[PDB]
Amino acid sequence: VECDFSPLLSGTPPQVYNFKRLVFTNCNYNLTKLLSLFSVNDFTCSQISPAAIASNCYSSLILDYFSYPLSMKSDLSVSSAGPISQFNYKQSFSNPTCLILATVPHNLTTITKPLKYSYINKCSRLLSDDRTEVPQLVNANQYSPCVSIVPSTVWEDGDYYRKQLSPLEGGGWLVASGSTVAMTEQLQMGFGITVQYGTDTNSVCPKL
């Protein structure tokens, strides 16, 4: 009983390409309890609504969280190119999702700020001909192929990262570049919620 959103409130939220995932089964949630702590700037859903998501019974609820600057709001949509959706973070297009952009108030103190926001501006793979570059896109619910070579913080805007690939990996080179955005007065964050419905497995219910 009782879903635990605590880990979200303790410490420094990772950068978008290192999003932390909290998984819930068999428990009871109060979503509007959690959002009461933040100033909520944006809240959009897919195949569900902000009202419905705060009040439905699911077989599973997944909550991704990460530091994210409000200024890159538009880059979250799969429409566009956008480094974010292509190389950093992508929600399921099959299951009902929600995305929330929130600022953390001064009076919320247990959440510490990083030096800046970092993201991956490019993730690509150079073929054997040493000419052709093939983008390495992030899949839903997965991390970037490049998370192994990109550090948790981008040191300097424009930094490049390369890895030589073994023949088991198909050969060639993995190439990534990182970008930075300056930290804001109050930290800004993103929350990705994904829900699933079952037949009898709908044990994630709002508390009454």
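In this text, residue numbers run from 1 along the sequence as written.
Asks: I need to verify one thing: averaged over C-alpha atoms only, is the B-factor higher for 63 to 71 or for 24 to 32?
Replies: Per the PDB entry, the higher value belongs to 24 to 32.
Asks: Given the B-factors recorded for C-alpha atoms, which segment has the greater mean, 145 to 153 or 172 to 180?
Replies: Averaging CA B-factors over each stretch, the winner is 145 to 153.
Asks: Using the entry's values, work out which of 18, 194, 10, 188 has the largest Cα B factor.
Replies: Of the options given, 10 has the highest CA B-factor in the PDB entry.
Asks: Have a look at 118, 88, 136, 94 and flag the one whose Cα has the highest B-factor in the entry.
Replies: That would be 94, according to the entry.
Asks: Ranking every modelled residue in this chain by its Cα temperature factor as given in the entry, which third contains residue 99?
Replies: According to the entry, residue 99 has a C-alpha B-factor in the chain's middle third.
Asks: Can you tell me whether residue 128 has a C-alpha B-factor in the lowest, middle or highest third compared with the other modelled residues of the same chain?
Replies: Middle third, going by the recorded CA B-factors of the chain.
Asks: Of the three thirds of its chain by CA temperature factor, lowest, middle or highest, which one includes residue 108?
Replies: Its C-alpha B-factor belongs to the highest third of this chain's values.
Asks: Among all modelled residues of this chain, ranked by Cα B factor, put residue 76 in the bottom, middle or top third, i.e. lowest, middle or highest.
Replies: Middle third.
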